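Visitor: Return atomic coordinates for the entry below.
(7 chains, ligands or ions: 93)
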Amino acid sequence: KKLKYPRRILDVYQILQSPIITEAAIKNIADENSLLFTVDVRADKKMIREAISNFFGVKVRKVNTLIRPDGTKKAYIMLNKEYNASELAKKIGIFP
Amino acid sequence: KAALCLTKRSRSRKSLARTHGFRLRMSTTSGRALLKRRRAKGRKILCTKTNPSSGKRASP
Amino acid sequence: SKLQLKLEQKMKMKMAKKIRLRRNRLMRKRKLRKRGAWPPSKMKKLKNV
Amino acid sequence: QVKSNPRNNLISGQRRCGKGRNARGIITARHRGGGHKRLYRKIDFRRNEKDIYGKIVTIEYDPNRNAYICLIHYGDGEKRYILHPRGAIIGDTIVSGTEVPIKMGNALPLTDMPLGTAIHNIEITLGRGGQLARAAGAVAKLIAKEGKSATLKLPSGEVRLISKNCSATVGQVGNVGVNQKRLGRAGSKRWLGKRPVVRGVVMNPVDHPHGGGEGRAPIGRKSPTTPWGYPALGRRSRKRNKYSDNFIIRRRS
RNA sequence: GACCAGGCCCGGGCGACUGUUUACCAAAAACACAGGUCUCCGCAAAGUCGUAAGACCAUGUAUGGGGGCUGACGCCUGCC
RNA sequence: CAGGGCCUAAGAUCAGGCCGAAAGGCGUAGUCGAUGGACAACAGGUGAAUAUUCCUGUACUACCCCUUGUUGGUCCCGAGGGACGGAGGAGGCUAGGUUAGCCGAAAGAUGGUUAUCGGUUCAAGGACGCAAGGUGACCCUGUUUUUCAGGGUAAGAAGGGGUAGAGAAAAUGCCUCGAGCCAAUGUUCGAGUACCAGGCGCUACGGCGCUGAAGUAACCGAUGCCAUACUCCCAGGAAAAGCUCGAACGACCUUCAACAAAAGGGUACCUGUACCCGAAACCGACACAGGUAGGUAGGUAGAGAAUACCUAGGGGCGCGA
RNA sequence: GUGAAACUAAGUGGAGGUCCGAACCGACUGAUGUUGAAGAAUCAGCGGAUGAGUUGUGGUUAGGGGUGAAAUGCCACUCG
Ligand SMILES: [Mg+2]
Ligand SMILES: [Mg+2]
Ligand SMILES: [Mg+2]
Ligand SMILES: [Mg+2]
Ligand SMILES: [Mg+2]
Ligand SMILES: [Mg+2]
Ligand SMILES: [Mg+2]
Ligand SMILES: [Mg+2]
Ligand SMILES: [Mg+2]
Ligand SMILES: [Mg+2]
Ligand SMILES: [Mg+2]
Ligand SMILES: [Mg+2]
Ligand SMILES: [Mg+2]
Ligand SMILES: [Mg+2]
Ligand SMILES: [Mg+2]
Ligand SMILES: [Mg+2]
Ligand SMILES: [Mg+2]
Ligand SMILES: [Mg+2]
Ligand SMILES: [Mg+2]
Ligand SMILES: [Mg+2]
Ligand SMILES: [Mg+2]
Ligand SMILES: [Mg+2]
Ligand SMILES: [Mg+2]
Ligand SMILES: [Mg+2]
Ligand SMILES: [Mg+2]
Ligand SMILES: [Mg+2]
Ligand SMILES: [Mg+2]
Ligand SMILES: [Mg+2]
Ligand SMILES: [Mg+2]
Ligand SMILES: [Mg+2]
Ligand SMILES: [Mg+2]
Ligand SMILES: [Mg+2]
Ligand SMILES: [Mg+2]
Ligand SMILES: [Mg+2]
Ligand SMILES: [Mg+2]
Ligand SMILES: [Mg+2]
Ligand SMILES: [Mg+2]
Ligand SMILES: [Mg+2]
Ligand SMILES: [Mg+2]
Ligand SMILES: [Mg+2]
Ligand SMILES: [Mg+2]
Ligand SMILES: [Mg+2]
Ligand SMILES: [Mg+2]
Ligand SMILES: [Mg+2]
Ligand SMILES: [Mg+2]
Ligand SMILES: [Mg+2]
Ligand SMILES: [Mg+2]
Ligand SMILES: [Mg+2]
Ligand SMILES: [Mg+2]
Ligand SMILES: [Mg+2]
Ligand SMILES: [Mg+2]
Ligand SMILES: [Mg+2]
Ligand SMILES: [Mg+2]
Ligand SMILES: [Mg+2]
Ligand SMILES: [Mg+2]
Ligand SMILES: [Mg+2]
Ligand SMILES: [Mg+2]
Ligand SMILES: [Mg+2]
Ligand SMILES: [Mg+2]
Ligand SMILES: [Mg+2]
Ligand SMILES: [Mg+2]
Ligand SMILES: [Mg+2]
Ligand SMILES: [Mg+2]
Ligand SMILES: [Mg+2]
Ligand SMILES: [Mg+2]
Ligand SMILES: [Mg+2]
Ligand SMILES: [Mg+2]
Ligand SMILES: [Mg+2]
Ligand SMILES: [Mg+2]
Ligand SMILES: [Mg+2]
Ligand SMILES: [Mg+2]
Ligand SMILES: [Mg+2]
Ligand SMILES: [Mg+2]
Ligand SMILES: [Mg+2]
Ligand SMILES: [Mg+2]
Ligand SMILES: [Mg+2]
Ligand SMILES: [Mg+2]
Ligand SMILES: [Mg+2]
Ligand SMILES: [Mg+2]
Ligand SMILES: [Mg+2]
Ligand SMILES: [Mg+2]
Ligand SMILES: [Mg+2]
Ligand SMILES: [Mg+2]
Ligand SMILES: [Mg+2]
Ligand SMILES: [Mg+2]
Ligand SMILES: [Mg+2]
Ligand SMILES: [Mg+2]
Ligand SMILES: [Mg+2]
Ligand SMILES: [Mg+2]
Ligand SMILES: [Mg+2]
Ligand SMILES: [Mg+2]
Ligand SMILES: [Mg+2]
Ligand SMILES: [Mg+2]
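Guide: Numbers count the residues shown, from 1 in each chain, chains lettered A, B, ... in the order given. Ligands and ions are numbered 1, 2, ... in the order given. I have put the structure below:
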């Protein structure tokens, strides 16, 4: 009916804070074709899906959030089967 | 069957903050006097028993 | 004319009994989830307990 | 006699819950609490729906009063409960109105009742609903009527005036043998939500005007006393000048 | 054949009985009780709580609601 | 999956309203409030630390998308439903268990012996289906009434249709059609190149790669399921939403707009998720001979969830000599 | 059995603040303990165990008060 209000009012450019690079994440990339991104706590899944779908220009299958005990949202972004993960891994500077 | 000293048992944090919680001190006048009084002494924590409605400390 | 009514009412009965029965397993599954030995796998590790 | 039906729209669960606690939450009316959950039957005391022909379908148990209650139908399909009159049997027909036969379960103003009749379910106020003689085996004779006022003898024996335009129902209230029950055990009281009562003489002097003397107390009180300090026996508590007084003639004996 | 698993009989007092109770020195012969009886109360009831509004009693109505004493059942309950 | 985006109980707050030195007290609609209603997912695999969440299989809800079919739909309102105790026993069943049968291995330095040791597993879901079960009025005759056999009666069951009164649906009254109905469980798909006894090879000698036989039957049998099914009892056993139905009144929206359907594709809100939880992690000032709701319930004896000895699994009590 | 009824074996039925006894709730006797393993316990026995039962979660009543099957008991090891 009306304009679609996003769940909160955020500024999208601040929501994806960074890739998390450790031994854990990299094999998640290998197996599952899923990136690992620390994101703003106040940020949701619909916002992360639009953000990354537009930003790197990839269609994303599914997103899974998490909240650390430290209060920092952590998101698994598993892309489609078409777009390889390791592609975006070399594009971003995450080296498997 | 439990010793007299057991007065504080394991009770749902939800229930406690529905008693000593913040939003309850705000209801009464005497509670507001409470909070002025604690702010005067300048305690780090105003309401000891409190609780996130949802979050890491949330009771469902 | 009686065969029409009988096949219509058996169509209806098959439907209502389908939905009914479906509903029933759903409820059973719920009661089990509440009580807490649900996922049949769970129950089969503990059978011998 | 007693057979459970499904629930008619007349039976609800909404109610006061704490029995004998008021607003402040204090126990006011003592000794209540415990006892089986109950549902409210919506009785029709007014019987105000006139001139249609009602039919007793069944007779049912009610937890709330010691009388019985009857589910009655109409041709219109409305269903009401009424108090069960004494001697009424399923299949019977009842009606309310002004000009009506006089038989069991019919309801009429006191203008039309032949003197000497035995009545129950008696409004003291026009359209307020029936009030007097609602318990098991309760009945009141209409002795005389004069002016705008009719005279009754209430089941307490008290003779009293009421308005001649107040509706009432013929026949005595059913289930007469209920006080012939003998409960037999403590549990049977507790089922009714009536908790145990402590005799005055037993409690400590702080708790009650007959307080602990050494061994066992005679009541030294020069008089038997309420928990609250008033003479217990034969002190009339009726409000002296209460508006009702012109109406009341002889007092229950 | 281990473990498991009633000692019983004859008397008397008190209280009929199952129950309840002094958390941490008393579990009883105390309290309760079914039952009994007295008194109040005709519904804007009496009683209880409130400065009051009102709430309980009760969405009940004298075969019902307060309050006081006694305490199953049996025999009784004298005089002033 | 558990709460929130759904609904109400006790109870709480309470617009206006009533009262009260003040603060406030009572109280109506409203709104909160789960310990209850409603509502859709399971098996295997990975796994330093998560898994009904990640992977592979089959699933299921709610929306959107198209085709087709209708023209009014939506809320407010009227209703049906949701919706309810205790006790008792009898059924009909599974879960489990035990023994056979099948398959593989076995020599365990003793007098004898293969009588021995392991394996025989699979979920939610979808299609079918229901008798020796349970219920389906009366009358006559017999079987102990019962399970039955013949006849007859004409609504006589789930379940439907019609009419009548101010009367849409509903309730209520009259008329009519129907001998089946109920639901655990069962058969089949799901499901096999899954899983797995062993076998082969490596050993960082921790674990790993490789190939895999048989996979049925009988008898015990629940406190679980049918089931709010019965029968009996008095002390007489929650509300509201989703759900099903529907005229007048009011409000709003209206044509490729809305609603109705069977396929097909698509789409997928927050918060919890570690670990402990008959506890050295909660509650007892302690790494304290204590307290702490619920679930699952193997073997031999036994009336038994008692007891004794054991399996799975877990331990040898944080001072010794 | 008589015409009605009473009376009496039989079966069926499954009542009970019934009985025995685990879980669970208690707390009767003893022993130990007493700078305790423990600010009320362990050990062996003991009472109730379909009810006036036990318990969970969420609530109510507050100090000239509350609650009390009544002990001046209880109201956060505090209660004339
Ligand atoms: Mg991972
Ligand atoms: Mg922010
Ligand atoms: Mg999450
Ligand atoms: Mg603290
Ligand atoms: Mg076991
Ligand atoms: Mg009802
Ligand atoms: Mg109903
Ligand atoms: Mg209050
Ligand atoms: Mg008495
Ligand atoms: Mg007494
Ligand atoms: Mg005393
Ligand atoms: Mg008091
Ligand atoms: Mg005094
Ligand atoms: Mg005295
Ligand atoms: Mg003396
Ligand atoms: Mg013994
Ligand atoms: Mg014995
Ligand atoms: Mg003796
Ligand atoms: Mg003597
Ligand atoms: Mg002597
Ligand atoms: Mg005694
Ligand atoms: Mg006994
Ligand atoms: Mg007690
Ligand atoms: Mg003591
Ligand atoms: Mg005690
Ligand atoms: Mg004792
Ligand atoms: Mg006592
Ligand atoms: Mg009054
Ligand atoms: Mg009386
Ligand atoms: Mg009395
Ligand atoms: Mg006495
Ligand atoms: Mg006597
Ligand atoms: Mg005698
Ligand atoms: Mg309410
Ligand atoms: Mg208020
Ligand atoms: Mg106001
Ligand atoms: Mg309200
Ligand atoms: Mg809520
Ligand atoms: Mg819940
Ligand atoms: Mg759910
Ligand atoms: Mg939900
Ligand atoms: Mg783990
Ligand atoms: Mg799994
Ligand atoms: Mg999935
Ligand atoms: Mg599979
Ligand atoms: Mg669906
Ligand atoms: Mg409605
Ligand atoms: Mg229920
Ligand atoms: Mg059975
Ligand atoms: Mg089997
Ligand atoms: Mg053998
Ligand atoms: Mg053989
Ligand atoms: Mg040998
Ligand atoms: Mg074998
Ligand atoms: Mg199946
Ligand atoms: Mg299908
Ligand atoms: Mg059959
Ligand atoms: Mg109609
Ligand atoms: Mg019509
Ligand atoms: Mg009809
Ligand atoms: Mg058998
Ligand atoms: Mg049992
Ligand atoms: Mg159980
Ligand atoms: Mg029933
Ligand atoms: Mg209109
Ligand atoms: Mg429709
Ligand atoms: Mg987890
Ligand atoms: Mg876990
Ligand atoms: Mg230690
Ligand atoms: Mg310990
Ligand atoms: Mg312990
Ligand atoms: Mg066993
Ligand atoms: Mg034995
Ligand atoms: Mg056996
Ligand atoms: Mg044992
Ligand atoms: Mg072992
Ligand atoms: Mg030594
Ligand atoms: Mg028997
Ligand atoms: Mg007993
Ligand atoms: Mg014996
Ligand atoms: Mg003692
Ligand atoms: Mg002991
Ligand atoms: Mg014992
Ligand atoms: Mg014994
Ligand atoms: Mg004994
Ligand atoms: Mg016993
Ligand atoms: Mg019983
Ligand atoms: Mg309870
Ligand atoms: Mg307790
Ligand atoms: Mg007590
Ligand atoms: Mg303190
Ligand atoms: Mg204390
Ligand atoms: Mg003391």
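Visitor: going forward, measure contacts between C-alpha atoms and count neighbours the same way
Guide: Will do.
Visitor: Disregarding flanking residues, what is the spatial nearest neighbour of residue D:54?
Guide: residue D:74 (4.6 Å; C-alpha to C-alpha, 6 or more residues apart in numbering or on different chains).
Visitor: looking at it, that neighbour is touching residue D:57, isn't it?
Guide: No: in this structure, residue D:74 is not within contact of residue D:57 by C-alpha atoms under 8 Å, at 9.9 Å.
Visitor: which SS class is the closest residue to residue D:203 other than its chain neighbours?
Guide: Closest residue to residue D:203 apart from its sequence neighbours, by C-alpha to C-alpha, 6+ apart: residue D:211 at 5.5 Å. Recorded secondary structure, residue D:211: coil (DSSP: H, G, I helix; E, B strand; the rest coil).
Visitor: okay, now residue D:211: neighbour count?
Guide: 20 (other C-alpha atoms under 10 Å in any protein chain shown).
Visitor: what's the answer for residue B:25, then?
Guide: By other C-alpha under 10 Å, 18 other residues sit near residue B:25.
Visitor: That one contacts residue B:32, doesn't it?
Guide: Yes: under the criterion of C-alpha under 8 Å, residue B:25 makes contact with residue B:32 at 6.2 Å.
Visitor: who's in contact with residue D:51?
Guide: Residues counted as contacts of residue D:51 (C-alpha atoms under 8 Å, 6 or more residues apart in numbering or on different chains) are D:95, D:96, D:97.
Visitor: what do you get if the cut-off is 10 Å, keeping everything else the same?
Guide: D:95, D:96, D:97, D:98, D:99, D:100 (C-alpha atoms under 10 Å, 6 or more residues apart in numbering or on different chains).
Visitor: ok, of those, which one's closest to RNA strand E?
Guide: Of all the contacts of residue D:51, residue D:96 has the smallest distance to RNA strand E: 20.0 Å, by C-alpha to the nearest atom of the strand.
Visitor: Just give the nearest non-adjacent residue to that closest one, would you?
Guide: residue D:107 (4.5 Å).
Visitor: Might one say that the one you found is in contact with residue D:167?
Guide: Yes: shown here, residue D:107 and residue D:167 form a contact pair, counting by C-alpha atoms under 10 Å, at 6.7 Å.
Visitor: Now the common contact residues for these two.
Guide: With contacts defined as C-alpha under 10 Å, 6+ apart, the residues shared by residue D:107 and residue D:167 are D:46, D:47, D:48, D:96, D:97, D:98, D:113, D:121, D:122.
Visitor: May I ask which of those residues has the most neighbours?
Guide: In these, the most neighbours by other C-alpha under 10 Å go to residue D:121, 28 neighbours.
Visitor: I'd like the distance between it and residue D:174.
Guide: Distance, residue D:121 to residue D:174, by C-alpha to C-alpha, to the nearest Å: 12 Å.
Visitor: Could you do residue D:42 as well?
Guide: 18 Å.
Visitor: which of these two has more neighbours?
Guide: The neighbour count for residue D:42 versus residue D:174, taken as other C-alpha under 10 Å, is higher for residue D:174 (23 against 13).
Visitor: residues contacting that one?
Guide: Counted by C-alpha under 10 Å, 6+ apart, residue D:174 has contacts D:66-69, D:83-88, D:134-139.
Visitor: Grab the most central residue of chain B for me.
Guide: The structure's chain B has its C-alpha centroid closest to residue B:49; by C-alpha atoms, centre = their mean the separation is 2.5 Å.
Visitor: and the closest residue to RNA strand G within chain B, what does it touch?
Guide: Residue nearest to RNA strand G within chain B (C-alpha to the nearest atom of the strand): residue B:15, separated by 3.7 Å. By C-alpha under 10 Å, 6+ apart, the contact set of residue B:15 is B:21, B:49, B:50, B:51, B:59.
Visitor: Fine by me, thanks again.
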